[PDB]
Amino acid sequence: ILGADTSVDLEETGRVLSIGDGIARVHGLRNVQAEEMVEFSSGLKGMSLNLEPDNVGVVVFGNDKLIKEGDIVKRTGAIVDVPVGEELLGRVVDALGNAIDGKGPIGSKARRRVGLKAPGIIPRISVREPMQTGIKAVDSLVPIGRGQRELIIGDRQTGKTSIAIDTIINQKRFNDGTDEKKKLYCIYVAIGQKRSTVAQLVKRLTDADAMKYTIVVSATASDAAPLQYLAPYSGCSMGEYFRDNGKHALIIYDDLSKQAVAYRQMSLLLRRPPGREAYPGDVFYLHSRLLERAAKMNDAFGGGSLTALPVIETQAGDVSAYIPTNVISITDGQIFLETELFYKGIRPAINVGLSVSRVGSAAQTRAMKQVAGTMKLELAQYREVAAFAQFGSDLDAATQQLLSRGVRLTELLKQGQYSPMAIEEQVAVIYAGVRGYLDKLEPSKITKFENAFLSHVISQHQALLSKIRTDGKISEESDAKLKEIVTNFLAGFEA
Amino acid sequence: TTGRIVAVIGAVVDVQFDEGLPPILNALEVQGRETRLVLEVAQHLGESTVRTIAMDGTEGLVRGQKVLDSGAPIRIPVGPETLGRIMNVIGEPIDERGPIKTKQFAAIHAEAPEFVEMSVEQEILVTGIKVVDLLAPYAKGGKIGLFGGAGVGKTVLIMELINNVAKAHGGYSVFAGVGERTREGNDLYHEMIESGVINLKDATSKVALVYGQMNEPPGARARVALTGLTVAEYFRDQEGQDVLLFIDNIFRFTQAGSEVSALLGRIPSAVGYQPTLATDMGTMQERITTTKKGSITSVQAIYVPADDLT
Amino acid sequence: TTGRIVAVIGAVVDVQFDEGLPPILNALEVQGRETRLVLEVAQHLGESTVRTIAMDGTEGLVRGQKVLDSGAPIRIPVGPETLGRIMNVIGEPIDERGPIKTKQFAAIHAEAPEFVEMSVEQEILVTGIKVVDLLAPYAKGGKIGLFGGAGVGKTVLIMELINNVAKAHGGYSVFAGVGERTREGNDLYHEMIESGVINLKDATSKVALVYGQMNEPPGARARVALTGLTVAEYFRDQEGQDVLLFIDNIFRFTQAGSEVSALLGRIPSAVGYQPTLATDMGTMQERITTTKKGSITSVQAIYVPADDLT
Ligand SMILES: Nc1ncnc2c1ncn2[C@@H]1O[C@H](COP(=O)(O)OP(=O)(O)NP(=O)(O)O)[C@@H](O)[C@H]1O
Ligand SMILES: Nc1ncnc2c1ncn2[C@@H]1O[C@H](COP(=O)(O)OP(=O)(O)NP(=O)(O)O)[C@@H](O)[C@H]1O
Ligand SMILES: Nc1ncnc2c1ncn2[C@@H]1O[C@H](COP(=O)(O)OP(=O)(O)O)[C@@H](O)[C@H]1O
Ligand SMILES: Oc1ccc(/C=C/c2cc(O)cc(O)c2)cc1
Ligand SMILES: [Mg+2]
Ligand SMILES: [Mg+2]
Ligand SMILES: [Mg+2]
């Protein structure tokens, strides 16, 4: 009598009952945990999401065509996790952490659960450190701090991704520097996009020498719904590695509209009844638990942080809709972009009234706060008065002044792409406007003036700019020096 | 009595008992977990099986895992020992300052005060906020609601109210963070340490904190409002005192209920909501009240989905 | 081996196999039919039964009818002898010109080119059309989409571009008619004969034709796009060459998937569509692409239901 083969018992393994649309229903697996990774005989992985009396509903991390009824499924013993660490920097990986850039295995030495709960109340401290985008309009009006979540939201082709790209590229001046604490490691999560678009993107980041401090997590349009669903949580864990180890990371989720669509798909196929707009009832929680994980840690937890810029695509400009407001109701503010603004020449196409930062000047250097502190409310009142004054007849001194200022500030917050600005340069430029030195300059000349002014202070007053950058403020001396530069230069400019 | 897990799908766990079935609302304790995992009984499904909502994550649960009936609903610490502390849904400290050494506990589920317990006294509570004071003033011991869509200023307003009214308040306050930002909870906490309404060194704290935020699964968010409310009820009744109750945000109780509703087997009502929306809100809201025994001035932030007040 | 039909509802046929269950995506041949009737495996239902999608009409089918597993997915002729020919969804000639005697066949299912296969070169393709060239220029080897509600000019535009870009093109072209007008296929065919881009006597035909129009049942309409695209892939890779791919109309693929999705047992998604709308679209669209190996300039007409771009 020979020994029986026990390799295939129904506690540690199972057999496929049915398989369709990326859902395997599995007999056995009596010892599996909820949210455990399992393995199919074909080498495919999957996640145990439904534990039922007579079956496990398994969600497949890949193509389901190799799965057949009766196939063997094995426990891994492990709650779904990803590789994590600095080894990921400069690499493009899939939602599971596998290299897809053709550059060989990631030699990562640590792993991390994708579903870890966001830190609670005690491990954190108030967001206080600037996360500079280098975009004047963001950094002045809707400033972002380290540990903050700030939403990028708007219709197709309004400039959402470009905000994120410019922000990543901007970090090179800190990352090439010698102040370790100012460095910011970047993570770009692509969800639902076409592969060739992600490739153009990393090509842009490479040419900008920004790949070297960026991880690209890609779950694109032909990747299975569970992969797209997981990608943000995978990237988040990769980001949490810096957060918990005294470093600072930035994560972009591009985009969460497409992720919520993949979650919808996956939930429907699991037979979980649809809710509003056919999304599951807990589509808020899908994103809430994700973004809560962007956080600023206190010194006892290392003082590190993770900052998040999730992206949401609206339809027909409606930021008030169900899904958009769900995500707005999570983040510490939103940058709302509109086509109308975009085509009128307001680029970046930020709607000031509808955008906010929920951290405010706490996230700004003192110098920026000095120039930008009241501008956001001021610009809101400006736009209102400009609409009310529309029928041009007798306007008092106060509103005419409000109008002249407003129209000129609007020109100053216009900005091109791919050259994010050093904070002190942003301050010098905004300064000329908020202090009124441009109030009699023709508004159409403002952009020509800024670029000439900037090249002048950069070449001629590197010491003034140095002092503002280093001091983090405009001293009485710096103020006196700036006034003398802009008044006399403008006069030259206007000759 | 011992039971066993027979199904897990998200926040909803089914548990079979061979002997005595735990009544609806009972807290069940999941065995073999690192941190306390409570399941609350929602329905008796028949065949000795109960349907429960979990108070924490269900990851790692295994079909067959043991569950003990505690014999009562979720019971939490109430009393002066809650002052200056942070508690979670199930009354565990989450401020890292050790045990909450109360003489007494209370179930988070209770009957609402009777009609004969009602008070009709109403006098102005001045806020120092022009638009509130002029057009729609608050009343001491009254029920105040702050409605707004995402990012219109509910939380800034409640914090201004805490700043203007609660800092110089003579009695106790409870703040219940319900399904909101953890960041905001850390902000408020350290702000209140700074102003001295929370004191980590003596017994002069005037505010109890109860938090279950949007990093939490729906069970925690659907019950954490009751935890906060139960704390305020003790102060109201077992001290007869003037209590301030701030809740941000009470919508998240209703939303949490909507997240589990399909898994609890309901046909949806309109706009994707549970059919029980109004009675659920009613049994909770009717406890948030001044009575003849004592006064609660309640201020509740009320989220407005898709900016639609309807 | 040999299976039996156990259920028929429109394009959805369930087939039971005693031994050897056919994998998903395999092509099954129904026995006892005058013309070839292919069923594509979509799901393993359990109990040795597979759920399939018919590639032609299912009238005349009887429960118990025999089905044979081909041992592979649908495979079509690819290469030079597709040029000047019209084929259907399963690669049969539909032009009355006899067999397509190719040496190569390829499966209509294939994984999309990997991330390393992508090209990053951006170069303008001048159309001669003012509004396009000025405001939203096309790119060589790029993906071009033409959005339009009923009757606003999708087909005219696609034909003008064939006239403007394709005329002066030193490569091969593929036109795939997907759920559109059969007589539009007849127009195009005879126009290309007249111009000589299709030659019925030479080997100098430069276009391959693939059609499954609005007379076809949903399974055929949901797959012909894969069929035409498969033809284009061969030219892109196995000649390395510059290919043009015209599709009128890609929306009809999604619409066709919508019609079988209920019959497949899926819970409907928004506006009654398949919950797999985006992933079905993704795994099809991501094959329509330029790679490092060769260029595909693709032009797709995209019907807009009820003029609603949302
Ligand atoms: N500041 C700017 N000035 C001028 N053009 C810009 C600016 N920012 C973005 N753009 C351009 O506007 C177009 C759309 O930008 P993009 O960042 O791709 O927006 P999006 O909303 O992410 N589009 P999609 O994701 O494709 O729906 C691109 O051509 C950008 O180069
Ligand atoms: N460029 C054009 N110049 C003049 N008339 C045009 C033009 N394009 C379309 N039309 C008119 O519109 C009709 C429909 O054009 P067509 O290109 O078939 O639109 P379509 O969007 O493909 N229709 P359908 O496929 O039924 O949704 C033509 O027969 C013309 O009468
Ligand atoms: N009273 C106010 N004064 C100035 N800014 C405000 C005020 N109230 C709100 N804001 C701006 O609006 C943002 C959102 O306010 P918040 O109270 O967080 O909204 P809600 O809680 O309703 O979502 C704030 O971070 C702030 O930037
Ligand atoms: O004329 C009409 C136009 C649109 C619709 C919408 C249907 C619909 C149904 C759902 O279950 C979810 C959803 O997001 C949309 C109905 C009628
Ligand atoms: Mg984008
Ligand atoms: Mg709030
Ligand atoms: Mg047409």
Side-chain angles (χ1 to χ4, degrees), chain A residues 16-25 27 63-71 92 94 100-103 156 192-204 206 216 218 220-225 228 258 261-262 264-274 277-279 315-316 318, chain C residues 17 20-26 41-51 73 109 111-122 136 141-143 261 264-292 308-310:
Chain A
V16 174
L17 290 158
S18 55
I19 172 76
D21 303 311
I23 311 304
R25 294 290 181 168
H27 174 73
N63 196 323
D64 69 356
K65 69 173 146 207
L66 300 100
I67 305 155
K68 304 215 275 195
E69 187 209 313
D71 279 359
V92 185
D94 68 6
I100 54 151
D101 53 11
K103 290 191 200 181
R156 63 186 139 90
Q193 296 188 40
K194 74 167 166 73
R195 226 160 232 168
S196 62
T197 287
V198 178
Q200 277 286 347
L201 185 320
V202 338
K203 169 67 164 50
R204 162 80 57 183
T206 305
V216 170
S218 189
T220 45
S222 67
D223 285 346
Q228 296 185 50
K258 290 176 184 61
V261 167
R264 176 169 71 187
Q265 178 173 321
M266 186 185 84
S267 189
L268 290 172
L269 295 164
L270 284 159
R271 312 291 303 189
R272 305 184 177 188
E277 298 175 26
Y279 291 90
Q315 298 294 313
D318 184 18
Chain C
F17 287 83
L21 210 64
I24 295 168
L25 301 184
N26 264 22
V41 183
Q43 302 167 358
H44 287 197
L45 296 178
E47 309 168 34
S48 293
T49 309
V50 299
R51 182 149 291 163
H109 295 279
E111 309 220 45
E114 301 301 346
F115 176 78
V116 293
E117 291 181 64
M118 291 301 91
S119 168
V120 307
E121 276 157 44
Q122 279 167 151
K143 293 188 75 175
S261 171
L264 289 183
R266 282 102 158 256
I267 305 168
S269 187
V271 215
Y273 278 110
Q274 57 274 40
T276 53
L277 185 147
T279 56
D280 294 342
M281 188 180 299
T283 70
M284 181 275 297
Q285 281 293 347
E286 289 288 70
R287 288 170 72 192
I288 304 179
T289 191
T290 286
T291 64
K292 293 183 155 85
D308 179 21
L309 288 159
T310 75

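The figures that follow rest on heavy atoms only: side chains count, while hydrogens, waters and symmetry mates do not. Proteins come first, then strands; the chains are lettered A, B, ... in the order of their sequence lines, and each starts at number 1.
Although no hydrogens or angles enter the test, the distance criterion places no donor-acceptor pair under 3.5 Å between the side chain of C/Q43 and the main chain of A/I19. Under the 3.5 Å distance criterion, the side-chain polar atoms of A/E69 are matched with a main-chain donor or acceptor of C/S48.
Note that the NZ atom of A/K194 and the CE atom of C/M118 stand 9.0 Å from one another [nearest 0.5 Å]. Atom CG of A/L270 and atom CD1 of C/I267 lie 9.0 Å apart (nearest 0.5 Å). If you take CZ on A/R271 and CZ on C/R266, they are separated by 11.0 Å, rounding to the nearest 0.5 Å. Atom-to-atom distance recorded for A/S196:OG and C/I288:CD1 is 12.0 Å, nearest 0.5 angstrom. Separation of atoms OG (C/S269) and CD (A/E277) is listed at 10.5 Å; rounding is to 0.5 Å.
Heavy-atom distances place the side chain of C/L25, and not its backbone, under 4.5 Å from chain A. With a threshold of 4.5 angstrom between heavy atoms, A/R195 approaches chain C through its backbone and through its side chain. When heavy atoms are compared at a cutoff of 4.5 Å, A/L66 does not approach chain C at all. Within the 4.5 angstrom heavy-atom criterion, only side-chain atoms of A/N63, from C-beta onward, approach chain C. For chain C, no part of A/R25 is nearby; none of its heavy atoms comes within less than 4.5 Å.
Per-residue counts of heavy-atom pairs under 4.5 Å with chain A were compared for C/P23, C/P275, C/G265; the largest is that of C/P275. Per-residue counts of heavy-atom pairs under 4.5 Å with chain C were compared for A/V261, A/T220, A/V92; the largest is that of A/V92. Contact tally against chain C (heavy-atom pairs below 4.5 Å) for A/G192, A/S18, A/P274: the top residue is A/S18. Interface remark: of the candidates A/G20, A/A221, A/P273, A/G22, A/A221 forms the most heavy-atom pairs closer than 4.5 Å to chain C.
The shortest distance between side-chain heavy atoms of C/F115 and A/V202 falls below 4.5 Å. Looking at C/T276 and A/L268, their side chains never come closer than 4.5 Å, going by heavy atoms from C-beta outward. For the pair C/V116/A/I100, no side-chain contact is recorded, criterion being any heavy-atom separation below 4.5 Å from C-beta on. A/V16 places none of its side-chain heavy atoms less than 4.5 Å from the side chain of C/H44.
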> Run the side-chain contact (heavy atoms from CB on, under 4.5 Å) check on A/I67 and C/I24 step by step: do they pass?
Replying inline: CA-CA 8 Å; A/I67 305 155; C/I24 295 168; 5.9 Å; no
>> Before you tell me yes or no, could you show the steps for A/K68 and C/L21 under side-chain contact (heavy atoms from CB on, under 4.5 Å), namely the whole-Å CA-CA distance, both residues' side-chain angles and the distance that decides it to 0.1 Å?
In response: CA-CA 8 Å; A/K68 304 215 275 195; C/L21 210 64; 5.6 Å; no
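None of C/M281, C/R287, C/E286, C/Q285 except one satisfies the side chain to side chain contact (heavy atoms under 4.5 Å, CB included) rule with A/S222; the exception is C/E286.
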